[PDB]
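To be precise, the following lines are upload13.tsv, and they hold TSV, C-alpha atoms.
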chain	number	residue	atom	x	y	z
A	1	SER	CA	22.71	1.36	-5.29
A	2	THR	CA	19.16	1.55	-6.63
A	3	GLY	CA	16.27	-0.76	-7.48
A	4	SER	CA	13.34	-0.43	-9.86
A	5	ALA	CA	10.43	-2.86	-10.11
A	6	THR	CA	7.13	-2.83	-11.94
A	7	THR	CA	3.98	-3.16	-9.86
A	8	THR	CA	0.85	-4.63	-11.45
A	9	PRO	CA	-2.84	-4.51	-10.47
A	10	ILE	CA	-4.16	-7.91	-9.34
A	11	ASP	CA	-7.49	-7.37	-11.07
A	12	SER	CA	-9.51	-5.02	-13.25
A	13	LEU	CA	-10.47	-2.82	-10.28
A	14	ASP	CA	-6.93	-2.18	-8.96
A	15	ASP	CA	-7.93	-3.85	-5.67
A	16	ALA	CA	-4.22	-4.23	-4.92
A	17	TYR	CA	-0.84	-4.27	-6.67
A	18	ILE	CA	1.79	-7.03	-6.80
A	19	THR	CA	5.51	-6.59	-7.32
A	20	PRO	CA	7.90	-9.47	-8.01
A	21	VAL	CA	10.50	-10.10	-5.28
A	22	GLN	CA	13.43	-12.52	-5.40
A	23	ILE	CA	13.98	-14.46	-2.17
A	24	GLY	CA	16.77	-16.93	-1.49
A	25	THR	CA	19.49	-18.70	-3.42
A	26	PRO	CA	18.72	-19.75	-6.10
A	27	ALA	CA	16.08	-17.06	-6.38
A	28	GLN	CA	12.47	-17.89	-5.58
A	29	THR	CA	10.29	-15.18	-7.10
A	30	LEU	CA	7.13	-14.30	-5.18
A	31	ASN	CA	4.59	-11.59	-6.04
A	32	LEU	CA	4.23	-9.42	-2.94
A	33	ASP	CA	1.89	-6.59	-1.97
A	34	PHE	CA	4.11	-3.62	-1.12
A	35	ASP	CA	2.45	-2.03	1.88
A	36	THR	CA	3.51	1.39	3.22
A	37	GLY	CA	1.01	0.84	6.05
A	38	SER	CA	2.77	-2.12	7.69
A	39	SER	CA	6.27	-3.27	8.46
A	40	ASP	CA	6.47	-7.07	8.06
A	41	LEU	CA	7.77	-8.93	5.03
A	42	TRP	CA	5.83	-12.19	5.17
A	43	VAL	CA	5.26	-14.95	2.66
A	44	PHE	CA	3.22	-17.99	1.91
A	45	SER	CA	5.63	-20.84	2.43
A	46	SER	CA	6.28	-24.55	2.66
A	47	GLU	CA	5.27	-24.16	6.33
A	48	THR	CA	1.83	-22.70	5.63
A	49	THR	CA	-1.09	-24.92	6.70
A	50	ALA	CA	-1.87	-26.78	3.48
A	51	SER	CA	-5.63	-26.15	3.59
A	52	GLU	CA	-4.86	-22.40	3.71
A	53	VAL	CA	-2.81	-22.37	0.50
A	54	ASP	CA	-4.80	-22.06	-2.75
A	55	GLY	CA	-2.76	-21.13	-5.78
A	56	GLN	CA	-0.14	-18.90	-4.20
A	57	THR	CA	3.54	-19.35	-4.94
A	58	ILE	CA	5.34	-20.44	-1.78
A	59	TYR	CA	8.77	-19.78	-0.37
A	60	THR	CA	10.58	-22.98	0.59
A	61	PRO	CA	13.46	-22.09	2.93
A	62	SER	CA	14.98	-25.59	2.78
A	63	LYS	CA	15.70	-25.03	-0.93
A	64	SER	CA	17.61	-21.80	-0.27
A	65	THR	CA	21.29	-22.14	0.51
A	66	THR	CA	21.28	-18.69	2.13
A	67	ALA	CA	18.22	-19.19	4.38
A	68	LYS	CA	18.82	-19.37	8.12
A	69	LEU	CA	16.18	-19.92	10.80
A	70	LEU	CA	16.00	-16.94	13.12
A	71	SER	CA	15.89	-19.10	16.19
A	72	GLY	CA	13.01	-18.46	18.59
A	73	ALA	CA	11.48	-15.65	16.52
A	74	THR	CA	7.76	-15.61	15.77
A	75	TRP	CA	5.39	-13.06	14.28
A	76	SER	CA	1.67	-12.36	14.25
A	77	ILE	CA	-0.11	-9.50	12.50
A	78	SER	CA	-3.68	-8.26	12.16
A	79	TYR	CA	-4.58	-5.71	9.51
A	80	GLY	CA	-7.19	-2.97	9.50
A	81	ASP	CA	-9.48	-5.03	7.28
A	82	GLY	CA	-9.59	-7.86	9.82
A	83	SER	CA	-7.23	-10.19	7.98
A	84	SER	CA	-4.26	-11.80	9.74
A	85	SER	CA	-1.28	-14.13	9.51
A	86	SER	CA	1.45	-15.55	11.73
A	87	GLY	CA	4.43	-17.86	11.74
A	88	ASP	CA	8.17	-18.05	12.25
A	89	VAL	CA	11.14	-16.25	10.72
A	90	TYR	CA	14.13	-16.86	8.48
A	91	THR	CA	16.81	-14.50	7.32
A	92	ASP	CA	17.66	-14.68	3.62
A	93	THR	CA	18.74	-12.64	0.62
A	94	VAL	CA	15.93	-10.50	-0.83
A	95	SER	CA	16.16	-8.49	-4.04
A	96	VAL	CA	13.69	-6.00	-5.47
A	97	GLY	CA	14.19	-4.68	-8.97
A	98	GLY	CA	17.95	-5.25	-8.88
A	99	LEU	CA	18.48	-4.01	-5.31
A	100	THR	CA	19.74	-6.71	-2.94
A	101	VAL	CA	19.57	-6.96	0.85
A	102	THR	CA	21.33	-9.77	2.65
A	103	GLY	CA	20.08	-10.94	6.04
A	104	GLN	CA	16.53	-9.71	5.48
A	105	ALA	CA	13.93	-11.09	7.87
A	106	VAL	CA	11.54	-13.18	5.78
A	107	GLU	CA	8.53	-14.06	7.92
A	108	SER	CA	7.22	-17.49	6.97
A	109	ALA	CA	3.48	-17.99	7.42
A	110	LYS	CA	2.26	-21.01	9.32
A	111	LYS	CA	-1.27	-19.59	9.34
A	112	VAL	CA	-3.14	-17.09	7.18
A	113	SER	CA	-6.75	-15.91	7.39
A	114	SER	CA	-9.33	-16.71	4.75
A	115	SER	CA	-9.00	-13.48	2.78
A	116	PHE	CA	-5.35	-14.25	2.10
A	117	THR	CA	-6.10	-17.84	1.10
A	118	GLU	CA	-8.83	-16.62	-1.24
A	119	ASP	CA	-6.50	-14.22	-3.01
A	120	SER	CA	-4.42	-16.48	-5.23
A	121	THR	CA	-2.54	-13.54	-6.77
A	122	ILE	CA	-0.83	-12.28	-3.58
A	123	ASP	CA	2.07	-14.44	-2.28
A	124	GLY	CA	2.76	-12.23	0.74
A	125	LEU	CA	3.32	-8.64	1.87
A	126	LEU	CA	6.39	-6.42	1.91
A	127	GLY	CA	6.01	-3.76	4.56
A	128	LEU	CA	7.36	-0.27	3.99
A	129	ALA	CA	6.12	1.60	7.06
A	130	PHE	CA	8.51	2.28	9.94
A	131	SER	CA	10.29	-0.66	11.53
A	132	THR	CA	8.83	0.22	14.93
A	133	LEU	CA	5.63	-1.53	13.77
A	134	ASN	CA	7.38	-4.81	12.90
A	135	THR	CA	5.73	-7.67	14.80
A	136	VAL	CA	8.66	-10.08	15.13
A	137	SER	CA	9.21	-11.19	18.72
A	138	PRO	CA	11.31	-11.22	20.84
A	139	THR	CA	13.69	-9.30	18.57
A	140	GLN	CA	11.96	-6.79	16.32
A	141	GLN	CA	13.19	-6.82	12.72
A	142	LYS	CA	13.83	-4.12	10.13
A	143	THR	CA	11.97	-3.54	6.88
A	144	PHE	CA	13.56	-4.09	3.48
A	145	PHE	CA	13.84	-0.33	3.03
A	146	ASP	CA	15.47	0.16	6.44
A	147	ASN	CA	18.01	-2.56	5.67
A	148	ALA	CA	18.71	-1.12	2.20
A	149	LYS	CA	18.82	2.56	3.15
A	150	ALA	CA	22.53	2.94	3.82
A	151	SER	CA	23.40	1.36	0.47
A	152	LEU	CA	20.99	3.54	-1.51
A	153	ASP	CA	22.15	6.50	-3.61
A	154	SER	CA	19.51	8.53	-1.75
A	155	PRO	CA	17.48	7.27	1.25
A	156	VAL	CA	14.12	7.30	-0.55
A	157	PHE	CA	11.64	5.09	-2.31
A	158	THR	CA	8.87	6.18	-4.66
A	159	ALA	CA	5.43	4.80	-5.50
A	160	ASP	CA	4.03	5.41	-8.96
A	161	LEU	CA	0.86	3.36	-9.08
A	162	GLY	CA	-1.08	3.07	-12.28
A	163	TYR	CA	-4.79	3.43	-12.93
A	164	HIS	CA	-5.91	0.13	-14.49
A	165	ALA	CA	-2.26	-0.23	-15.60
A	166	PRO	CA	1.16	-1.19	-14.27
A	167	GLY	CA	3.34	1.25	-12.40
A	168	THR	CA	6.67	1.38	-10.62
A	169	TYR	CA	8.35	1.21	-7.22
A	170	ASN	CA	11.83	2.75	-7.24
A	171	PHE	CA	14.40	2.58	-4.45
A	172	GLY	CA	17.23	5.04	-3.99
A	173	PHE	CA	16.43	7.59	-6.67
A	174	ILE	CA	13.78	9.96	-7.97
A	175	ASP	CA	12.88	9.46	-11.65
A	176	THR	CA	12.43	13.03	-12.83
A	177	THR	CA	10.77	11.77	-16.04
A	178	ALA	CA	7.95	10.14	-14.08
A	179	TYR	CA	6.02	13.25	-13.00
A	180	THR	CA	4.98	16.69	-14.24
A	181	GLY	CA	5.74	19.99	-12.55
A	182	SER	CA	7.41	19.94	-9.16
A	183	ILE	CA	7.29	17.64	-6.14
A	184	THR	CA	5.76	19.26	-3.06
A	185	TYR	CA	7.15	17.89	0.19
A	186	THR	CA	5.21	17.81	3.43
A	187	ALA	CA	6.02	16.88	7.03
A	188	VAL	CA	5.70	13.36	8.39
A	189	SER	CA	4.97	12.16	11.90
A	190	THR	CA	6.37	8.71	12.70
A	191	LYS	CA	4.78	8.66	16.17
A	192	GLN	CA	2.33	5.92	15.12
A	193	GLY	CA	4.83	4.12	12.86
A	194	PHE	CA	3.12	5.28	9.68
A	195	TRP	CA	3.86	7.71	6.85
A	196	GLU	CA	1.47	10.12	8.54
A	197	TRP	CA	0.98	13.64	7.18
A	198	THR	CA	-1.59	16.44	7.08
A	199	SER	CA	-3.44	17.33	3.90
A	200	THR	CA	-4.36	20.99	3.57
A	201	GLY	CA	-7.89	20.39	2.31
A	202	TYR	CA	-10.08	19.23	-0.53
A	203	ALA	CA	-12.36	20.07	-3.42
A	204	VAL	CA	-15.21	18.11	-5.07
A	205	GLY	CA	-15.33	18.31	-8.85
A	206	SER	CA	-15.01	21.89	-10.06
A	207	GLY	CA	-16.07	23.17	-6.63
A	208	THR	CA	-14.13	25.59	-4.47
A	209	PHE	CA	-11.26	24.32	-2.37
A	210	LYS	CA	-11.96	23.89	1.33
A	211	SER	CA	-8.93	24.66	3.46
A	212	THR	CA	-8.95	22.22	6.35
A	213	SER	CA	-6.32	20.02	7.96
A	214	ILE	CA	-6.79	16.30	7.36
A	215	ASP	CA	-4.32	14.07	9.22
A	216	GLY	CA	-3.86	10.72	7.51
A	217	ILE	CA	-1.48	8.02	6.28
A	218	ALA	CA	-0.03	7.30	2.88
A	219	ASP	CA	-0.88	3.61	2.60
A	220	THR	CA	-0.20	1.63	-0.57
A	221	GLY	CA	-1.69	-1.47	1.06
A	222	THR	CA	-5.19	0.01	1.37
A	223	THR	CA	-7.32	0.09	-1.78
A	224	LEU	CA	-9.63	3.03	-1.12
A	225	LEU	CA	-9.51	6.61	0.16
A	226	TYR	CA	-10.89	6.87	3.71
A	227	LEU	CA	-11.66	10.39	4.92
A	228	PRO	CA	-13.81	12.08	7.60
A	229	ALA	CA	-17.57	11.59	7.27
A	230	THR	CA	-18.11	15.30	6.57
A	231	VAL	CA	-15.74	15.24	3.56
A	232	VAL	CA	-17.15	11.97	2.21
A	233	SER	CA	-20.74	13.20	2.55
A	234	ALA	CA	-19.83	16.37	0.63
A	235	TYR	CA	-18.36	14.26	-2.18
A	236	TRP	CA	-21.24	11.79	-2.58
A	237	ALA	CA	-23.84	14.56	-2.34
A	238	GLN	CA	-22.67	15.55	-5.84
A	239	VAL	CA	-23.61	12.14	-7.29
A	240	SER	CA	-27.32	11.72	-7.96
A	241	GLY	CA	-28.62	8.62	-6.27
A	242	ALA	CA	-25.56	7.96	-4.12
A	243	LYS	CA	-26.20	6.73	-0.61
A	244	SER	CA	-24.48	5.06	2.30
A	245	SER	CA	-25.60	1.47	2.59
A	246	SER	CA	-25.05	-0.31	5.90
A	247	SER	CA	-25.87	-3.65	4.25
A	248	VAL	CA	-23.17	-3.17	1.61
A	249	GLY	CA	-20.77	-1.47	4.00
A	250	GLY	CA	-20.33	1.99	2.56
A	251	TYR	CA	-21.31	4.47	-0.11
A	252	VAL	CA	-22.78	3.06	-3.31
A	253	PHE	CA	-23.92	4.91	-6.41
A	254	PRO	CA	-25.87	4.20	-9.59
A	255	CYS	CA	-23.52	2.63	-12.10
A	256	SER	CA	-25.04	5.01	-14.71
A	257	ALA	CA	-23.47	8.02	-12.95
A	258	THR	CA	-20.52	10.10	-14.07
A	259	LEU	CA	-18.39	10.64	-10.97
A	260	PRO	CA	-16.82	14.01	-10.17
A	261	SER	CA	-13.13	14.34	-9.46
A	262	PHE	CA	-11.76	14.76	-5.95
A	263	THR	CA	-8.87	17.08	-5.19
A	264	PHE	CA	-6.68	16.91	-2.08
A	265	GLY	CA	-4.17	19.47	-0.87
A	266	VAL	CA	-0.46	18.95	-0.32
A	267	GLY	CA	0.75	22.22	1.11
A	268	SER	CA	-0.20	24.79	-1.51
A	269	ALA	CA	-0.24	22.11	-4.23
A	270	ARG	CA	-3.23	20.08	-5.40
A	271	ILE	CA	-3.58	16.43	-6.49
A	272	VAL	CA	-6.61	15.66	-8.64
A	273	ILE	CA	-8.18	12.20	-8.50
A	274	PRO	CA	-10.26	11.72	-11.67
A	275	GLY	CA	-13.83	10.57	-11.18
A	276	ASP	CA	-13.16	7.26	-12.90
A	277	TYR	CA	-10.60	6.33	-10.21
A	278	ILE	CA	-13.43	6.40	-7.65
A	279	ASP	CA	-15.56	3.72	-9.44
A	280	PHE	CA	-15.11	0.23	-7.95
A	281	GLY	CA	-17.81	-1.35	-10.05
A	282	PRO	CA	-20.93	-3.37	-9.34
A	283	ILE	CA	-21.42	-4.46	-5.74
A	284	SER	CA	-22.17	-7.95	-7.07
A	285	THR	CA	-22.05	-9.33	-10.60
A	286	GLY	CA	-24.79	-7.85	-12.75
A	287	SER	CA	-25.82	-5.21	-10.22
A	288	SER	CA	-26.48	-1.64	-11.28
A	289	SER	CA	-25.34	-0.42	-7.84
A	290	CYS	CA	-21.63	0.45	-7.86
A	291	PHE	CA	-19.21	0.66	-4.93
A	292	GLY	CA	-17.54	3.98	-4.19
A	293	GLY	CA	-13.81	4.51	-3.91
A	294	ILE	CA	-14.07	7.27	-1.29
A	295	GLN	CA	-15.44	6.02	2.03
A	296	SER	CA	-15.75	7.26	5.59
A	297	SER	CA	-12.90	6.69	8.05
A	298	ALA	CA	-15.30	7.01	10.99
A	299	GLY	CA	-14.65	4.04	13.24
A	300	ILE	CA	-11.31	3.23	11.56
A	301	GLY	CA	-9.71	5.76	13.86
A	302	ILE	CA	-7.43	7.13	11.16
A	303	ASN	CA	-7.76	8.69	7.72
A	304	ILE	CA	-6.16	6.63	4.95
A	305	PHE	CA	-4.79	7.92	1.66
A	306	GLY	CA	-4.90	4.53	-0.01
A	307	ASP	CA	-4.39	3.55	-3.64
A	308	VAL	CA	-7.30	5.63	-4.96
A	309	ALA	CA	-5.43	8.75	-3.85
A	310	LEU	CA	-1.85	7.63	-4.30
A	311	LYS	CA	-2.31	6.38	-7.87
A	312	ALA	CA	-3.19	9.98	-8.91
A	313	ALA	CA	0.31	11.06	-7.87
A	314	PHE	CA	3.99	10.35	-7.99
A	315	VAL	CA	4.78	9.83	-4.30
A	316	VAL	CA	8.18	10.15	-2.63
A	317	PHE	CA	8.73	8.37	0.67
A	318	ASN	CA	11.76	10.23	1.95
A	319	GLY	CA	13.57	8.26	4.66
A	320	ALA	CA	16.12	10.91	5.56
A	321	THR	CA	16.85	11.46	9.28
A	322	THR	CA	13.71	13.60	9.39
A	323	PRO	CA	11.34	11.73	7.07
A	324	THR	CA	9.03	13.61	4.69
A	325	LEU	CA	6.51	12.78	1.92
A	326	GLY	CA	6.52	14.31	-1.55
A	327	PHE	CA	3.64	14.43	-4.01
A	328	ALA	CA	3.68	15.40	-7.68
A	329	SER	CA	1.09	15.26	-10.41
A	330	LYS	CA	1.86	12.97	-13.34
What is this structure when it is put down as structure tokens?
Amino acid sequence: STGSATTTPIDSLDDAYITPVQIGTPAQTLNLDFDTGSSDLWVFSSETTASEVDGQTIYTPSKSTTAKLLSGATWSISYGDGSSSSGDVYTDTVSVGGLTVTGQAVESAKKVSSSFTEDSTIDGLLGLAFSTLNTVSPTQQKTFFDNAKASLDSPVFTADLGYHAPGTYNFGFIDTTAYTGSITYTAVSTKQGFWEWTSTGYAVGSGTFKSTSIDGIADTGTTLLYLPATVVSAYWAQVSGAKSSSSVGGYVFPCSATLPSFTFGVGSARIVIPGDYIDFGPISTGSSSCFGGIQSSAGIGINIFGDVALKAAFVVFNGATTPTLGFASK
């Protein structure tokens, strides 16, 4: 089997992407944030504290003939940006782009933190990291991909995120029309539960390539590209007027600037992030100071190849017995 679903930016800055997901019988369609950096499928629901729901579409298990309470199971998650959610668990039928899993753990939120409430466009998350990170207790649950894997034509999913445009998540096949050239595959460590890999280096604009190992994660659920302070300093040094602002919380630059591209290495291959992908617009409405899309990972504890990087590529998440990651230009 295979699935194919379109993923759509939530706003004009590509702050995140939502993908429609059918849950239950009859189907309840919720727009979820597919997140290769976490492993819980959780939703706004009929159980969510009412004051914490503001425009989201909710899952109502009592209206699904296939929903079953997973007795005694609870979940609680905290993300790298400080947001969080928790609740209880149902199993139900979940379909993505034509691909159906029965008995999927659907984690129903009783509580969500303010940033979730304030984002009316995201109805929940669908985790696509390794199931070892799933927070359900006392019986850890599998991701949608893990549950689907055996039924897939090939044990893979791909992320093809658009720049200021829709893109695609495919399950079980590689669309050879969706990229140019060849796909370069690179080793993955699952030791931290992430799609963790090592980039072979970087270049800034038309500058020379610096060969250097950069360990990081391919994370569709993080907006920006977070890299070591040395790398980030080298990038922003090429933008006149750019500076790190502690009050804003990262590198800002004059909105009048033309940003250089940023290249990252995948083995001997190179993925080029156009300058425009690195512009996240005015820090506040009307400001001429703009927020940068490449930021330091210092104090995160991990480097993150988030959407800024991933949307420049066609990315294969290969869930074979020994997982790997593939990157192609497009």
- Using only C-alpha atoms, which of A:221, A:293, A:267, A:9 sits nearest residue 79 in chain A? A:221
- Protein/DNA/RNA residues near (-9.6, 12.2, -8.2), cut 7 Å, all atoms listed in the file, as an MDAnalysis selection string: chainID A and resid 261:263 272:275 277:278 309 312
- Using all atoms listed in the file, can you list as a PyMOL selection string the residues within 8 Å of (6.4, -4.9, 6.3)? chain A and resi 34-42+125-129+131+134+143-144
- Find the spatial neighbours of residue 101 in chain A, counting only C-alpha atoms, within a cut-off of 8 Å - ignore same-chain residues fewer than 5 positions away - and output them as a list in words. residues 93, 94, 95, 144, 147 and 148 of chain A
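You will find CA of residue 300 in chain A at 7.7 Å from CA of residue 80 in chain A.
Using only C-alpha atoms, the nearest neighbour of residue 318 in chain A within the list A:167, A:82, A:61, A:172 is A:172.
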- Query: Counting only C-alpha atoms, what is within 12 Å of residue 330 in chain A, bar same-chain residues fewer than 5 positions away, as a PyMOL selection string?
  - Reply: chain A and resi 159-163+167+175-183+270-273+310-315
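The space separating CA of residue 279 in chain A from CA of residue 245 in chain A comes to 15.8 Å.
Atom to atom, CA of residue 184 in chain A and CA of residue 146 in chain A stand 23.4 Å apart.
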Please give the centre and size of the box around range 145-148 of chain A (axis-aligned, containing every atom listed in the file, 6 Å added per side), with values in Å to one decimal and written as JSON.
{"center_x": 16.3, "center_y": -1.2, "center_z": 4.3, "size_x": 16.9, "size_y": 14.7, "size_z": 16.2}
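Ranking A:208, A:295, A:213, A:268 by their shortest atom-to-atom distance to residue 244 in chain A, with all atoms listed in the file included, puts A:295 first.
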- Counting all atoms listed in the file, the residue of A:153, A:196, A:276, A:119 that sits nearest residue 31 in chain A: A:119
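Restricting the calculation to all atoms listed in the file, the smallest distance between residue 48 in chain A and any of A:227, A:266, A:248, A:109 is found for A:109.
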Will you give me range 47-69 of chain A, written with N, CA, C and O atoms and laid out as an mmCIF file, in the first residue's frame?
data_model
loop_
_atom_site.group_PDB
_atom_site.id
_atom_site.type_symbol
_atom_site.label_atom_id
_atom_site.label_comp_id
_atom_site.auth_asym_id
_atom_site.auth_seq_id
_atom_site.Cartn_x
_atom_site.Cartn_y
_atom_site.Cartn_z
ATOM 1 N N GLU A 47 -12.332 16.290 24.824
ATOM 2 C CA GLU A 47 -11.863 16.213 26.210
ATOM 3 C C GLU A 47 -10.967 17.386 26.590
ATOM 4 O O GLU A 47 -10.626 17.553 27.757
ATOM 5 N N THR A 48 -10.561 18.179 25.607
ATOM 6 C CA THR A 48 -9.644 19.285 25.868
ATOM 7 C C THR A 48 -10.332 20.379 26.690
ATOM 8 O O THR A 48 -11.428 20.813 26.348
ATOM 9 N N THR A 49 -9.690 20.803 27.779
ATOM 10 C CA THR A 49 -10.167 21.933 28.575
ATOM 11 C C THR A 49 -10.713 23.027 27.663
ATOM 12 O O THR A 49 -9.999 23.537 26.803
ATOM 13 N N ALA A 50 -11.974 23.397 27.858
ATOM 14 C CA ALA A 50 -12.655 24.268 26.902
ATOM 15 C C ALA A 50 -11.935 25.605 26.704
ATOM 16 O O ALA A 50 -11.826 26.100 25.576
ATOM 17 N N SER A 51 -11.440 26.183 27.794
ATOM 18 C CA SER A 51 -10.753 27.472 27.717
ATOM 19 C C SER A 51 -9.455 27.405 26.897
ATOM 20 O O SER A 51 -8.888 28.447 26.542
ATOM 21 N N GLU A 52 -8.991 26.189 26.610
ATOM 22 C CA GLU A 52 -7.733 25.985 25.890
ATOM 23 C C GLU A 52 -7.959 25.627 24.430
ATOM 24 O O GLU A 52 -7.005 25.364 23.700
ATOM 25 N N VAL A 53 -9.222 25.616 24.013
ATOM 26 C CA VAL A 53 -9.576 25.395 22.615
ATOM 27 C C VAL A 53 -10.044 26.723 22.025
ATOM 28 O O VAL A 53 -10.932 27.378 22.588
ATOM 29 N N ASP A 54 -9.444 27.120 20.904
ATOM 30 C CA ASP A 54 -9.773 28.394 20.254
ATOM 31 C C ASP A 54 -9.693 28.302 18.730
ATOM 32 O O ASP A 54 -8.765 28.823 18.101
ATOM 33 N N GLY A 55 -10.667 27.637 18.144
ATOM 34 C CA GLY A 55 -10.764 27.564 16.702
ATOM 35 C C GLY A 55 -10.324 26.261 16.089
ATOM 36 O O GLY A 55 -10.585 26.028 14.916
ATOM 37 N N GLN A 56 -9.646 25.413 16.862
ATOM 38 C CA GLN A 56 -9.183 24.145 16.322
ATOM 39 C C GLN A 56 -10.369 23.231 16.066
ATOM 40 O O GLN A 56 -11.397 23.324 16.729
ATOM 41 N N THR A 57 -10.194 22.321 15.120
ATOM 42 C CA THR A 57 -11.121 21.222 14.922
ATOM 43 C C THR A 57 -10.769 20.128 15.917
ATOM 44 O O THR A 57 -9.596 19.787 16.081
ATOM 45 N N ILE A 58 -11.784 19.568 16.564
ATOM 46 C CA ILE A 58 -11.559 18.588 17.616
ATOM 47 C C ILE A 58 -11.991 17.214 17.164
ATOM 48 O O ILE A 58 -12.921 17.080 16.373
ATOM 49 N N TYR A 59 -11.301 16.212 17.694
ATOM 50 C CA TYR A 59 -11.687 14.817 17.584
ATOM 51 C C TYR A 59 -12.634 14.481 18.724
ATOM 52 O O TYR A 59 -12.336 14.749 19.890
ATOM 53 N N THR A 60 -13.769 13.887 18.382
ATOM 54 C CA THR A 60 -14.744 13.459 19.382
ATOM 55 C C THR A 60 -14.857 11.934 19.342
ATOM 56 O O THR A 60 -15.551 11.389 18.479
ATOM 57 N N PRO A 61 -14.175 11.242 20.275
ATOM 58 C CA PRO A 61 -14.141 9.779 20.187
ATOM 59 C C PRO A 61 -15.520 9.127 20.285
ATOM 60 O O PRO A 61 -15.742 8.071 19.687
ATOM 61 N N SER A 62 -16.433 9.751 21.022
ATOM 62 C CA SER A 62 -17.754 9.174 21.252
ATOM 63 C C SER A 62 -18.576 9.107 19.958
ATOM 64 O O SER A 62 -19.581 8.379 19.883
ATOM 65 N N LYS A 63 -18.155 9.865 18.944
ATOM 66 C CA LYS A 63 -18.850 9.867 17.662
ATOM 67 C C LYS A 63 -18.214 8.913 16.660
ATOM 68 O O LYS A 63 -18.679 8.804 15.522
ATOM 69 N N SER A 64 -17.163 8.214 17.086
ATOM 70 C CA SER A 64 -16.485 7.251 16.228
ATOM 71 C C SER A 64 -16.801 5.830 16.660
ATOM 72 O O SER A 64 -16.511 5.430 17.795
ATOM 73 N N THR A 65 -17.378 5.059 15.744
ATOM 74 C CA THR A 65 -17.787 3.700 16.061
ATOM 75 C C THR A 65 -16.586 2.771 16.209
ATOM 76 O O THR A 65 -16.726 1.654 16.716
ATOM 77 N N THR A 66 -15.410 3.228 15.787
ATOM 78 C CA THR A 66 -14.215 2.390 15.855
ATOM 79 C C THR A 66 -13.253 2.817 16.983
ATOM 80 O O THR A 66 -12.227 2.175 17.216
ATOM 81 N N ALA A 67 -13.592 3.893 17.689
ATOM 82 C CA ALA A 67 -12.775 4.360 18.808
ATOM 83 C C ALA A 67 -12.925 3.440 20.015
ATOM 84 O O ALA A 67 -14.028 3.011 20.344
ATOM 85 N N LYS A 68 -11.806 3.158 20.671
ATOM 86 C CA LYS A 68 -11.801 2.387 21.907
ATOM 87 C C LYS A 68 -10.816 3.027 22.880
ATOM 88 O O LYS A 68 -9.667 3.297 22.529
ATOM 89 N N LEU A 69 -11.277 3.299 24.092
ATOM 90 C CA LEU A 69 -10.400 3.818 25.132
ATOM 91 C C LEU A 69 -9.294 2.812 25.373
ATOM 92 O O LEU A 69 -9.565 1.623 25.565
#
